[PDB]
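Residues per chain are reported as follows:
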Amino acid sequence: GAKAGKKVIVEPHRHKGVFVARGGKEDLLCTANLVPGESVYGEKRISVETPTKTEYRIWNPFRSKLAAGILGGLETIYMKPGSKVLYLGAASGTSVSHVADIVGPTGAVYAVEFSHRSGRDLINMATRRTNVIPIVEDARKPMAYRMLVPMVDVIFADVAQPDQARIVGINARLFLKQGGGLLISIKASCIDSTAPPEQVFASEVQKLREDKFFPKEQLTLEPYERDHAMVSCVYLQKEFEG
Amino acid sequence: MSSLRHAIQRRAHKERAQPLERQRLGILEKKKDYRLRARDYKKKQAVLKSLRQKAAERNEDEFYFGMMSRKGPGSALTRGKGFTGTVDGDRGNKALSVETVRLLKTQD
Amino acid sequence: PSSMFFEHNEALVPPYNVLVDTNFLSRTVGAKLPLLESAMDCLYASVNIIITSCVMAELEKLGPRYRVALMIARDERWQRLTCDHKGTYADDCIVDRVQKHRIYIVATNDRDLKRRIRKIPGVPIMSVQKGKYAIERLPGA
Amino acid sequence: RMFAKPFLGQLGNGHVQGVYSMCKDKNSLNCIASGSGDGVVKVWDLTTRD
Amino acid sequence: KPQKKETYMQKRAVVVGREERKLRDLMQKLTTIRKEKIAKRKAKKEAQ
Amino acid sequence: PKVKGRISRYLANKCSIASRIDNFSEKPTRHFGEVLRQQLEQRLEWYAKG
Amino acid sequence: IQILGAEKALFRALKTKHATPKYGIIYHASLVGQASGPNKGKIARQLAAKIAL
Amino acid sequence: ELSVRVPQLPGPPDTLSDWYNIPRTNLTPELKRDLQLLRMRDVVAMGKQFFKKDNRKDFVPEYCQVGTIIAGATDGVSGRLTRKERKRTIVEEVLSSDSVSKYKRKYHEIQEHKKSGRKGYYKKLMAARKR
Amino acid sequence: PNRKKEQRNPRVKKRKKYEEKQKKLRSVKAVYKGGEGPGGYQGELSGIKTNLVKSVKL
Amino acid sequence: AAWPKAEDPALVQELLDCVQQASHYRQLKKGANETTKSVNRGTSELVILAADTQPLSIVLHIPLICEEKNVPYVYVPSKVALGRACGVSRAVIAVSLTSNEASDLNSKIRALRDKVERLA
Ligand SMILES: [Zn+2]
């Protein structure tokens, strides 16, 4: 396929911070690498010889639900370079590394994980990248890292818990600005393993509107993950920023 | 109707051809080829009629500014043998100053 | 949308979510038919029956002559989708919600709404027919 | 007279029958209760009117 | 009118090598096949 | 041949075993690797039997 | 001696009828570093000739 | 501690600050051939793999950068081009690839179809009439 | 009038029509069709378009 | 170190019965490396690890990718019983039972993973 050594060109995608790398017989998605020359989880990276220190990392959509959503055609993702992002469910920091690279050096990414060994991997990734800070605590109890997390602009949620809506509800009630963007990744098989997927997504969107967001988009990222859906909402407003 | 005919009713009729003693003259013109010819010739006659109307209703005292920046068709008398009624179009080549020719010739 | 095979809505499974329109609600309490019981007898299946704030607002905008229908509408055991929009126009609220998610069965009786949701694919329509309910475009009943 | 828009909200789904009695908590600030006509009483907190 | 005398620019034009002529022939072939393909696609879509 | 591929796959298996042991211990030990090297030498004698 | 070191750009420009590079290692020499643009080119020629001498 | 300043007072942006400063396209003719290829890649993989028909008026973007895939640490025996195939330009890779005979064959078929009856056929008919 | 063997065997007709109607389904929406292949990620094999959003606007 | 240890009362035996059913249905993968590859490819619907293995680091490395990819993983304390349930005639320590689009085994999987998600 996209063999190592093929020449591609790199154009900027519509979102602020993601690039699309097109070339030859395969077009793929990439983000600007923050630390050059050192891959995180063995991903392919693209080198550009500017007329060195600039390189891009190829984003695996089958492995990261956010990349799956952006190829699925989200209207927006709310995370411009420089915008603080609270990431819930930061298991081993792959997608978190990508989000930190999108946000860049002036912002921050607050990776909240829970399992200790995935926490060790996340500690390694945060020693490498200087704009992500790691927090190993149970996301159901935000009174633990209320001393660490300031008012972020985006909340990513990648937890599959039956209490997913309540988890994002309390974390947004404590750490999200007025009109605060969030993305949630909903897995129907874990939310209600008996129910059909469209009904599960409708139930979760209604639970979020009870928990005071306003849903603006919902897509079923079907050619990359079965029975998933990415739901984009805004906290306590209708527009995103102000 | 359409279910009230047999397949032998629906069977297509074959198209005959030019006789072999006359194949050298070209293809035998049937109805479809004839319609192609009629459309082409009627279109060309339509455009020629519109041009004749224009050349008749030409005002002899018009003045644009392309008339200051082009080389008009003239006549057979002025243009000589190489005279088509069209105005000569700019090929894009031009007259080059001596300095630039020195530079190009140094490169050569 | 997910779970949609050429205008066959695979997503609807018992328990059926059935949306109520004001017209269907008024005419069923007129025709003296228990709402959940008759709907369960019509679909042979468990239903949860939902009523929006727009439908409740139209029943309340109608005068006190519909106090009995208002009480039956506010029967407590039924879910209530609160709406986030302005005009409180129940037809556009129902059609917008159905176009968004497409899981519910619309229960209505007026021919304008009936045609307006027959235009979109894959939504069954329940309507009163003076003896019982009648479901229109559901493949499993 | 342009900006007189007095109506704020409606405390949840309301009752089945009519609201025939109600009373506030003179000690607190957001505790209210309403007793309807069918014989159900409800206690609402005014911060969350859902 | 098609010019007949060779201009100085046409004379001083450089000859082009094997790799570049191969790439030019390849681009000609790919562009032609693209044109015929897009014409057939537009004609079928017009029929539908 | 085939012996090179066979012993190479076998050695890769034993290498991954050593890696997971030495990583997921806290302060690892040596005798598991000694036992594995003994198994490698015994497979070396087994392929010498040929 | 002027275009020592710029051989790749020189021969590509000459075989493509481009404009040849103005200087080579004489750039990172000191004395041409005080000039700017066209005076830098003229100092480059003059320094090449005197270096040959 | 406090020095005299130097007065340095004597269109489209050069670097997109919001995308970490991607340079503007230096439109070399090799880059133009590469961009023709990238708009034309529905024809390159001849029939075996189709792509989403992205066709604008101008196929050059306003911001690009030519790059190369470095390496996958999980795949390095077949997911890595050899030295004799690492070509500098994408179109050089395409010409070094296979099916160039297939392109030539299809091109000859289209050439025959387009020279079907245009003028050589009419010259032939005129000679057969005059003989 | 003449008919086909697909018309002569009523099971095969509802096999051939279903497979054809399954093929049309992949042309409008998308089917999961397995995750990443065993070879690894070889790029989004058929194009990436920038100006296309495909989310259900709530 | 195996904190999602399955308890004695019949949850372990429901797990073993489901594993045997999946082995008959051929929707099952045995072995440490095959579990690792199925989890990496993302076909794994659930994964069970033995807790009485020789040193626990193997069935400790499987939960790392398991937690990275968010699959339900449990520990059953008997590798010989795991082998006798898979039907191997040798001791397995890692079983990843995958997902299809149509069975009743999928319903049994849904019930079982609901129980183990309650366990975690
Ligand atoms: Zn509404």
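Method-wise, the PDB entry is recorded as coming from cryo-EM, at a reported resolution of 4 Å.

Chain D appears in the PDB entry as Sof1 from Chaetomium thermophilum.

The name recorded for chain C in the PDB entry is Utp24, from Chaetomium thermophilum.

Asks: Can you help me understand the overall build of chain D in this one?
Replies: Within chain D, the regular secondary structure consists of zero helices and three strands. N-terminal to C-terminal, the α/β element order of chain D is β-β-β. In summary, chain D has a C-alpha radius of gyration of 13 Å against a globular reference of 10 Å for 50 residues, an excess of more than 25%. Reported as C-alpha extents along the three principal axes, the dimensions of chain D are approximately 40 × 30 × 20 Å. Within chain D, contacts between residues at least 6 apart in sequence are counted, and of these 22% link residues at least 24 apart.

Asks: How do you make sense of the pattern of salt bridges when you look at a structure like this?
Replies: Applying the stated criterion across every chain yields a total of nine salt bridges over all chains. One salt bridge connects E43 of chain A with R57 of chain A, and the closest N-O pair in it is separated by 2.8 Å. Exposure class is identical for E43 of chain A and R57 of chain A. Each is buried. Where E20 of chain I meets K23 of chain I, a salt bridge forms, and the shortest distance between an N and an O atom there is 3.9 Å. Taken as a pair, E20 of chain I and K23 of chain I lie in helix α2 (residues 10-28) at a separation of three residues, close to a single helical turn. Note on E20 of chain I: relative accessible area 31%, which makes it partly exposed. Linked through salt bridges whose partners overlap, the residues forming this network are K80, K177 and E241 of chain A.

Asks: It is not clear to me how the sheet that holds strand β2 (residues 44-50) of chain J should be interpreted in this structure. Could you clarify?
Replies: Paired through backbone hydrogen bonds, the strands of a sheet run either parallel or antiparallel to each other. Residue and element names in this part refer to chain J. The strand order across the open sheet built from four strands is β1-β4-β2-β3, with neighbouring strands paired in mixed fashion. The sheet is open, and its two borders are formed by β1 (28-30) and β3 (73-76), each paired with just one other strand. Looking at each pair of strands side by side, their axes are set apart by 20° on average, direction ignored. Sheet topology note: the β1/strand β4 (residues 94-98) ladder contains three bridges and is antiparallel. In the strand pairing of β4, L28 is matched with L97.

Asks: Looking at this structure, how should I read the packing of aromatic side chains?
Replies: Each aromatic ring pair is described using two quantities: the centre-to-centre distance and the angle formed by the ring planes. In this structure the tally under the stated criterion is 12 aromatic pairs over all chains. With 4.6 Å between their ring centres and 5° between their planes, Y87 of chain A and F156 of chain A make a pair best called stacked. Of this pair, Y87 of chain A sits in strand β6 (residues 85-88) while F156 of chain A sits in strand β9 (residues 152-157), and the two are 69 residues apart along the sequence. With a relative accessible area of 1%, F156 of chain A lands in the buried category. Each member of the aromatic cluster is reached from another via a ring pair, and the members are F62 and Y224 of chain A together with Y41 of chain I. The side chain of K16 of chain A reaches across the aromatic face of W19 of chain H, ending 4.8 Å from its centre. For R41 of chain H, the ring lying beneath its charged end belongs to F51 of chain H, and the centroid distance is 4.9 Å.

Asks: I'm lost on the interface of chain H and chain A in this one. Help?
Replies: If you look at the interface, chain H gives 29 residues, while chain A gives 40 residues. Elements represented by at least two residues in the side of chain H that touches chain A include exactly α1 (29-44) and β1 (66-69) of chain H. Tallying contributions element by element places β1 of chain H first for the side of chain H that touches chain A, with four residues. By residue class, the composition of the side of chain H that touches chain A is 16 nonpolar, eight polar and five charged. Sheet analysis places strand β1 (residues 7-12) of chain A next to β1 of chain H, joined by three bridges and oriented antiparallel. Residue pairing across strands places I9 of chain A opposite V66 of chain H, the latter belonging to β1 of chain H.

Asks: What is the right way to look at the sheet that holds strand β10 (residues 176-187) of chain A in this model?
Replies: Strand order in the open sheet made by the eight strands is β8(A)-β7(A)-β6(A)-β9(A)-β10(A)-β12(A)-β11(A)-β1(I), with mixed pairing throughout. Only two strands of the sheet have a single neighbouring strand rather than two, namely β8 (132-136) of chain A together with β1 (56-57) of chain I. Pairing of strand β11 (residues 213-219) of chain A with β1 of chain I involves two bridges; the strand directions are antiparallel. Opposite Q218 of chain A, over in β1 of chain I, you have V56 of chain I as the bridge partner. Packed onto the sheet, helix α3 (residues 116-128) of chain A meets β7 (109-113) and β8 of chain A and runs at close to 160° relative to β8 of chain A.

Asks: I tried to follow the coordination of the zinc ion on my own but got confused; where do I start?
Replies: When a metal carries six donors in an octahedron, the ideal angles between them are 90 or 180 degrees, while four donors in a tetrahedron ideally lie at 109.5 degrees. All names here are of chain C. Donor atoms from the polypeptide that bind the zinc ion are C54 (SG), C83 (SG), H85 (NE2) and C93 (SG), placed at 2.3 to 2.7 Å. Geometry at the zinc ion is irregular, judged from its four donor atoms and the angles of 76 to 148° they form at the metal. Mapped onto the sequence, the donors of the zinc ion take the spacing C-x28-C-x1-H-x7-C. Within this pair, whereas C54 is found in helix α3 (residues 53-61), its partner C83 is found in the loop between β3 (79-81) and α5 (90-101), the two being separated by 29 residues in sequence. The same class applies to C54 as to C83, namely buried.

Asks: Would you mind showing me how to read unusual backbone geometry here?
Replies: Negative phi characterises most residues that are not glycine, and trans characterises most peptide bonds. Residues and elements named next belong to chain C. At the junction of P14 and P15, the peptide bond is cis and its omega measures out at 5° in the coordinates. Along the polypeptide, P15 turns up in the segment before β1 (16-20). Unusually for a residue other than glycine, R102 sits at a positive phi of about 60°. Mapped onto the elements, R102 comes out in the loop between α5 and β4 (105-107).

Cut-offs and rules
Residues numbered from 1 in each chain as written, not as in the entry; some residues may be left out. Chains lettered and ligands numbered in written order. Part of a larger assembly, values for the part shown. Heavy atoms only, no water. Residues with missing side-chain atoms left out of burial classes, pairs and counts. Helix = DSSP H or I, 4+ residues; strand = E, 2+ residues; numbered from the N terminus. Rg over C-alpha atoms; globule rule 2.2 N^0.38 Å. Contact = heavy atoms within 4.5 Å. Salt bridge = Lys/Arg side-chain N within 4 Å of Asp/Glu carboxyl O. Buried < 20%, exposed > 50% of the residue type's maximum accessible area, 1.4 Å probe, protein only. Pairing = 2+ DSSP bridges. Axes fitted to C-alpha atoms, helices over the stretch in contact; angles between N-to-C directions. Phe/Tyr/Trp six-rings, centres within 6.5 Å; stacked < 30°, edge-to-face > 60°. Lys NZ or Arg CZ within 6 Å of the ring centre and 35° of its normal. Nonpolar A, V, L, I, M, F, W, Y, C, P; charged D, E, K, R; others polar. Donors = N, O, S within 2.8 Å, 3.2 Å for Na, K, Ca; no water. Tetrahedral: all angles 85-135°; square planar, octahedral: opposite > 155°, others 65-115°.

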